[PDB]
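Peer 1: Each protein sequence line maps, in turn, to chains A and B.
Counting the first sequence from 1 gives a position; UniProt numbering is that position plus 500.
Counting the second sequence from 1 gives a position; UniProt numbering is that position plus 500.
Number of protein chains: 2
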Amino acid sequence: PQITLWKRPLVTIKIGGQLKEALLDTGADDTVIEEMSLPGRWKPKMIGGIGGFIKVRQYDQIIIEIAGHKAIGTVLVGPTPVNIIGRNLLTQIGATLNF
Amino acid sequence: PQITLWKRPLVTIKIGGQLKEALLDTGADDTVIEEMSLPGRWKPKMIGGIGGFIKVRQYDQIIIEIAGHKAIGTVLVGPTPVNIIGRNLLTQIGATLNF
Ligand SMILES: CC(C)(C)NC(=O)[C@@H]1C[C@@H]2CCCC[C@@H]2CN1C[C@@H](O)[C@H](Cc1ccccc1)NC(=O)[C@H](CC(N)=O)NC(=O)c1ccc2ccccc2n1
Ligand SMILES: [Cl-]
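Structure, rendered in structure tokens:
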């Protein structure tokens with residue numbers, strides 16, 4: 501599978517039993533999802549990007565499916581305008597940047 | 501070359517005749533470089549990310565070298581925390597995401 505970048509590399513994910521669209525993002529350390537109820541324990545975190553920081557809820561050991569690939573890892577929930585799959589999960593689904 | 505994502509995908513770039521380090525970022529539509537003196541005509545623009553928008557200088561038709569590959573395109577210059585190479589130039593150097 502190879503994804504060119506003339507458009508946003510959006511894929512379908514399954515998280516908390518719901519389908520969402522998310523951006524495959526090699527520039528993001530972390531995976532950040534829009535506000536949603538997720539069951540289970542979490543802890544407060546702040547994460548930064550181009551316009552500054554947002555508060556998120558950090559959930560560890562979340563089961564997620566990304567474009568058909570299974571993953572288990574940390575998901576941050578908070579007011580991102582776009583759902584983002586960052587390197588912590590891109591490494592699990594085997595993504596590489598070929599240039 | 502193929503980049504795994506266990507670490508940040510940082511590469512050397514050449515802009516304005518100066519070497520810098522920048523992040524290869526499939527989640528960014530645009531290329532944003534830290535404040536620097538750069539010759540060329542520009543115009544103001546807002547660009548956004550997590551945390552909101554920042555004001556930048558939009559330079560069109562800038563010659564940039566990214567990991568040894570020459571590209572020409574729009575560069576935004578402003579108070580970004582990190583230099584980022586986004587899809588407008590990743591496509592020009594032929595970068596793909598594979599998995
Ligand atoms: C998600 C998080 C874990 C916080 N990581 C990061 O944000 C790190 C931070 C690094 C240090 C500072 C400079 C940016 C780098 C790159 N990144 C990721 C990097 O990939 C980040 C991910 C992202 C995408 C969409 C919207 C928000 C955020 N992209 C961006 O910050 C780019 C900047 C640009 N080109 O205009 N934003 C966008 O391309 C973009 C697209 C759609 C939008 C819709 C509404 C509002 C904003 C929107 N921004
Ligand atoms: Cl919900």
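Beta carbons: idealized from backbone N, C-alpha and C, even for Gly.
Would you say the stretch 580–599 of chain A touches the stretch 530–538 of chain A, given that touching needs at least three Cβ pairs under 8 Å?
Peer 2: yes
Peer 1: Rounded C-beta distance between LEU523 of chain B and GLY549 of chain A? I'm assuming under 8 Å.
Peer 2: 12 Å between Cβ atoms; not a contact.
Peer 1: Taking Cβ positions, are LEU538 of chain B and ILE515 of chain B nearer each other than 8 Å?
Peer 2: Yes.
Peer 1: Does any residue of chain A have a CB that is nearer than 8 Å to the CB of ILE563 of chain B?
Peer 2: no
Peer 1: How is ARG508 of chain A classed by DSSP in three states: helix, strand or coil?
Peer 2: In this structure, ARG508 of chain A counts as coil in the three-state DSSP scheme.
Peer 1: So the alpha helix (DSSP H) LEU590 of chain A belongs to, where does it begin and stop?
Peer 2: 587–593
Peer 1: Any beta carbon of chain A sitting closer than 8 Å to that of residue 600 of chain B?
Peer 2: Residue numbering for chain B in the displayed model covers 501 to 599; residue 600 of chain B lies beyond these limits and cannot be assessed.
Peer 1: Is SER537 of chain B near ligand 2, going by C-beta to nearest heavy atom under 7 Å?
Peer 2: no
Peer 1: Just checking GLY573 of chain B against ligand 4 - is the residue's beta carbon closer than 7 Å to any of the ligand's heavy atoms?
Peer 2: This structure simply doesn't include ligand 4; it includes ligand 1 and ligand 2 instead.
Peer 1: Report the rounded CA-to-CA distance for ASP560 of chain A versus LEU589 of chain A, giving the unit in angstroms.
Peer 2: 12 Å
Peer 1: Under 9 Å Cβ-Cβ, which residues of chain B neighbour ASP525 of chain A?
Peer 2: Going along chain B in sequence order, the residues near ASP525 of chain A (Cβ under 9 Å) are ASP525, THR526, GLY527 and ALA528.
Peer 1: Measuring straight from C-alpha to C-alpha, what distance separates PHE599 of chain A and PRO509 of chain B?
Peer 2: 12 Å
Peer 1: Relative to the alpha-carbon of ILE593 of chain A, which residue among A:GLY552, A:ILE566 and A:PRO501 has its alpha-carbon at the smallest distance?
Peer 2: Taking only the C-alpha atoms, the option nearest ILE593 of chain A is A:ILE566.
Peer 1: Going by DSSP, what residues sit across from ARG557 of chain B in a beta bridge?
Peer 2: In DSSP, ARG557 of chain B forms a bridge with B:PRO544 and B:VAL577.
Peer 1: Can you give me the Cβ contacts of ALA595 of chain B inside the same chain, cut-off strictly under 6 Å, excluding the 5 residues immediately before and after it?
Peer 2: none
Peer 1: Determine, for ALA571 of chain A, whether the minimum Cβ-Cβ distance to residues of chain B falls below 8 Å.
Peer 2: Not one chain B Cβ lies under 8 Å of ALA571 of chain A.
Peer 1: Report the rounded CA-to-CA distance for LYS520 of chain A versus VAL511 of chain A, giving the unit in angstroms.
Peer 2: 8 Å
Peer 1: Using the beta-carbon of each residue, which ones in chain B are nearer than 8 Å to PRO501 of chain A?
Peer 2: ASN598 and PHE599
Peer 1: Hey, how far is the Cα of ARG557 of chain B from the Cα of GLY551 of chain A?
Peer 2: Answer to the nearest angstrom: the Cα atoms are 15 Å apart.
Peer 1: Use the C-beta contact count for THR504 of chain B: other C-beta atoms within 10 angstroms, 16 or more gives buried, fewer gives exposed.
Peer 2: Under this definition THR504 of chain B is an exposed residue.
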